[PDB]
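> Here it is: the structure, laid out below.
Methodologically, a virtual Cβ is constructed for each residue, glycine included, from the backbone with ideal geometry; neighbour enumeration extends over all protein chains shown. None of the figures in this text is laboratory data; all of them are computed from the coordinates on show.
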Amino acid sequence: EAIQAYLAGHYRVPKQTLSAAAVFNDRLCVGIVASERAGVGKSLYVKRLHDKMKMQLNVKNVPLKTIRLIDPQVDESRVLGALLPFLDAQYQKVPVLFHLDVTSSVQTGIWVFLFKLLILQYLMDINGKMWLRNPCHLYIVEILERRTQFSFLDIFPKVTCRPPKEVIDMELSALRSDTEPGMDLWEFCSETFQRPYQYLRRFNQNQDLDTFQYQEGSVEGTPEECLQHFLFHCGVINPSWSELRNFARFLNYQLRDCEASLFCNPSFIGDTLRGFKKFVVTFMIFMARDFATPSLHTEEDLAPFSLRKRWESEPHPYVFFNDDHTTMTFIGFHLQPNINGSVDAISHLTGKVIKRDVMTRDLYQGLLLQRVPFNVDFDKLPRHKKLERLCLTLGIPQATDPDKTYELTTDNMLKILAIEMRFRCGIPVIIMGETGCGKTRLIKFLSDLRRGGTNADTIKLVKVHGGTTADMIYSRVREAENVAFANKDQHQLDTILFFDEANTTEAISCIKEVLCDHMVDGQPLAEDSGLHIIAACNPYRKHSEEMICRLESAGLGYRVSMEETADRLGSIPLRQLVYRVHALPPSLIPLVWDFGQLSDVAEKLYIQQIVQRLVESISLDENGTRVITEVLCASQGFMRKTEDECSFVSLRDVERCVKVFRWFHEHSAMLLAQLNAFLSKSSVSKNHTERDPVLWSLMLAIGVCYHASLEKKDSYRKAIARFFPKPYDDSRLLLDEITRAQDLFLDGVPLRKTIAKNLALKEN
Ligand SMILES: Nc1ncnc2c1ncn2[C@@H]1O[C@H](COP(=O)(O)OP(=O)(O)OP(=O)(O)O)[C@@H](O)[C@H]1O
Ligand SMILES: [Mg+2]
């Protein structure tokens, strides 16, 4: 208390000196907004305080500078360089709110930097440019609680934001102080859809529980019961503010589209339409579970980064409203009438009931009499009809297919619909999936479908390296904004920026900035620009223990002990994860959802497409196509089954093995001529037989892309030979052919007399 009072007394500004501290508590020109959770309001305060600065300070403009630090070791030269443009005399006497945001990524140097800036009032570098604090600029520092006698953070004035439960728990009565913010009185714009009030308090149907007319435009409740009605149907137990915001936004959009067409005053539409509003409210609150509830869990550090709601888990209802204002879109439930005058919702194919009494027999007959797209199954439908249906649901009225190779299953359609729905709501879309999981193909197909026929670049997929700094990300996002403005002006198209491998950088908080805050380096993103931003993350998975032991036992190992390595995601070294990813921002975890799992049928289809993309250059046979497809599929099956020598397999290995096979086939004539000459040079008699170029090329390509990098080569050969034609299915023959090829390749150099010809030198 003594330290807190000392710093409060020394941080106070005199009443006569004009300062920006007039908005903060009792004229203190130092602030610390902090909380233990993520996404609870730390920055709808530094915005509200700016909002209350303009109308309360009688100044034409009050400069706002947002400085965000993302380097794990906090760099003070960056902060000094950011503050230097605000050092000229013009800003030396005007109020300047300075907001400094320290991200979760930062770990070392926070306390020293805070003691250097807030207390020591200075910042200095080697060059000599000093920056001195003035008691006229607010210095609010927004920080996540670095929970581990007191931390070096309570000595400053603090405004602890609270999730939206502790607001309803501790603040039972709306005292509304400046230390514990509650429901913002401004935040009744999209949270005002308190139709929950009506269908809940009016439980019985006949009392006009949802009536024949409800709308929005003015408030009708108190800002302490909205937060309670949004907690009963939220689904999440202890939501943050950026978990109720998304749930309210989705419900607002869907009820807004509900009060659209087919919600009017016809003569004999159903003559009652009883329960239609009840159906909408109940069923879309049910389907909000897919869009609001987190998918990740609530090998120590990988526990939060472990998927629980995989795409193959509980189904997805996904009702849409066909923004052309004509019909609905029932895509994922196939409702079935219950025995006792009710109707329930089942799975797409299983038929298991997922929810009960969603909708009633009377309105069932009313809807079927209205010819709604109900009980339609996209699994067995023509491609033309499927594309027309999904194009109508998506909004564009055209029908030109942008591709034919890309199949359209029900699970692959409910995945495009998810992204489109999150785009039209406002929820940022971030997907978790392995390399070659089909996310990039789906995004490209959706972008081309949006394009239709225009030659516009509505896709800007950015492969984000491990060495992508903040400057590159900011430059790319502003370039994408400019291109989105251009495409919205010329051809009126919605551009898509795509950050592949989002979580593989030391600066990931920048992507969180771009996605959640809609703010680039501090400057807000231009609203209503048509730019939609997607992120894709690599899964958090550890190697198998035997594979780690094998990697450590390869040569001389790491130069020093394994434990002391600096590259750590918590405790696990980055050398033990399949993808060398970094820690996700805590305000991005609720958003992440599993893209899905590649199915064996889909994998076979992709392999068949790849091999058919080879005939036009090689003129392969049907037998050749079949043998190549089977060999490659079984090769990935083996590599995915061997967890000791191959952590993960990808579809991008077939497009490399087929490339090597193509090279070998195109050189096969001269290769086989030289091999025959070399064998003739040997003492072996004329035992050479016919060598099929297709087989002699696949036999050797799998001996490079799959076989010669393993340790259990014999098992691979014995599990792969059975897919070869009849006169060639021998593991001994596989090894013999590979050895003959290596012997031929080695012969052709002037190797010295006393140089060993091992199986290692030839292989190398
Ligand atoms: N009463 C409220 N207090 C705080 N936020 C609210 C409130 N009502 C609605 N919200 C919404 O909650 C969201 C919280 O987002 P905000 O930017 O405040 O999170 P944050 O504190 O910046 O978290 P982080 O810094 O970890 O991203 C805001 O975008 C705001 O629109
Ligand atoms: Mg923030």
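> Residues in the stretch 22-53 that are within 19 Å of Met519 (Cβ to Cβ), in a helix (DSSP H, G or I) and either more than 14 Å from ligand 2 (Cβ to nearest atom) or touching a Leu at 6+ places or on another chain (Cβ under 9 Å) (or both): how many?
The number of residues fulfilling the criteria is 4.
> Output the residues belonging to the stretch 583-607 that are more than 16 Å from ligand 2 (Cβ to nearest atom), part of a loop (DSSP other than H, G, I, E, B) and touching a strand residue (DSSP E or B) at 6+ places or on another chain (Cβ under 7 Å). Walk me through it before giving the result.
First, the residues of the stretch 583-607 that are more than 16 Å from ligand 2 (Cβ to nearest atom): 583, 592-607.
Checking the rest, the ones that are also part of a loop (DSSP other than H, G, I, E, B) come to 583, 592, 595-599.
Those that are more than 16 Å from ligand 2 (Cβ to nearest atom), part of a loop (DSSP other than H, G, I, E, B) and touching a strand residue (DSSP E or B) at 6+ places or on another chain (Cβ under 7 Å): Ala583, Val592, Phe595.
> Another question, then. Which residue out of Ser177, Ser190, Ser218 is farther than 19 Å from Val40 by Cβ and either exposed (fewer than 12 other Cβ atoms within 10 Å of the Cβ) or within 16 Å of ligand 1 (Cβ to nearest atom) (or both)? Quick ask: steps written out before the conclusion?
Details: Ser177 fails: farther than 19 Å from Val40 by Cβ; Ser190 fails: farther than 19 Å from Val40 by Cβ.
On inspection, the qualifying residue turns out to be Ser218.
> State which residue is surrounded by the fewest Cβ atoms within 10 Å (Cβ to Cβ) when the search covers only the stretch 140-157 and only residues that are away from ligand 2 (no atom under 16 Å from the Cβ) and either within 19 Å of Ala22 (Cβ to Cβ) or among the small types (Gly, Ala, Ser) (or both).
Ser151
> Quick one: would you say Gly426 is among the small types (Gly, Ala, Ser) and under 30 Å from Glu191 (Cα atoms)? Step through it out loud before you land on a result.
Values: among the small types (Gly, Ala, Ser): yes; under 30 Å from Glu191 (Cα atoms): yes.
Yes, satisfied.
> Any residue that is within 16 Å of ligand 1 (Cβ to nearest atom), out of contact with any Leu (no Cβ under 9 Å at 6 or more places or on another chain), in a loop (DSSP other than H, G, I, E, B) and of a type in the set (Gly, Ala, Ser) - is there at least one of those in the stretch 250-261?
Taking every residue of the stretch 250-261 in turn, none turns out to be within 16 Å of ligand 1 (Cβ to nearest atom), out of contact with any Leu (no Cβ under 9 Å at 6 or more places or on another chain), in a loop (DSSP other than H, G, I, E, B) and of a type in the set (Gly, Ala, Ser).
> Go through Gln56, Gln92 for me and flag whichever is loosely packed, with under 15 Cβ neighbours inside 10 Å, more than 33 Å from the chain's Cα centre (by Cα) and within 30 Å of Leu244 (Cβ to Cβ). Steps first, please.
Details: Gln92 fails: within 30 Å of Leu244 (Cβ to Cβ).
Result: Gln56 is the single residue among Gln56, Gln92 that is loosely packed, with under 15 Cβ neighbours inside 10 Å, more than 33 Å from the chain's Cα centre (by Cα) and within 30 Å of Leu244 (Cβ to Cβ).
> Kindly list, by first and then second residue, each pair from a residue in the stretch 741-761 that is under 22 Å from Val704 (Cβ atoms) to a residue that is polar (S, T, N, Q) and outside any strand (DSSP E or B), limited to pairs with Cβ atoms under 7 Å and residues at least 6 apart or on different chains.
These pairs meet every condition: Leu744/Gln674.
Rundown of residues vs (1) more than 51 Å from the chain's Cα centre (by Cα); (2) surrounded by 14 or more Cβ atoms within 10 Å (Cβ to Cβ); (3) over 22 Å from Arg717 (Cβ atoms), yes/no style:
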site: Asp644; (1), (2), (3): no, yes, no
site: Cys657; (1), (2), (3): no, yes, no
site: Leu679; (1), (2), (3): yes, yes, no
site: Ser683; (1), (2), (3): yes, no, yes
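> Let me ask something else about it. So, of the residues in the stretch 366-407 that are more than 18 Å from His334 (Cβ to Cβ) and among the charged types (D, E, K, R), which turns out to be surrounded by the fewest Cβ atoms within 10 Å (Cβ to Cβ)?
Here the residue is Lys404.
> Name every residue in the stretch 509-534 that is part of a loop (DSSP other than H, G, I, E, B) and either within 23 Å of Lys65 (Cβ to Cβ) or in contact with a helix residue (DSSP H, G or I) (Cβ under 6 Å, 6 or more places away or on another chain) (or both), in order of residue number. So that I can check it myself, show each step before the final result.
Going residue by residue through the stretch 509-534, those that are part of a loop (DSSP other than H, G, I, E, B) are 518, 521-522, 525-531.
Residues satisfying the conditions are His518, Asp521, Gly522, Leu525, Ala526, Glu527, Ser529, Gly530, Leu531.
> Identify, please: which residue in the stretch 97-112 is surrounded by 20 or more Cβ atoms within 10 Å (Cβ to Cβ) and away from ligand 2 (no atom under 14 Å from the Cβ) and is, among those, farthest from the chain's Cα centre (by Cα)?
Among them, the one singled out is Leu97.
> Do any helices (runs of 4 or more DSSP H) lying entirely in the stretch 689-750 carry at least 3 residues that are within 14 Å of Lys762 (Cα to Cα) and in contact with a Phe, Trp or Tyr (Cβ under 8 Å, 6 or more places away or on another chain), and which ones are they? Spell out the reasoning first.
On the way: elements: 693-705, 713-720, 731-746.
Fully inside the stretch 689-750 and qualifying: 731-746.
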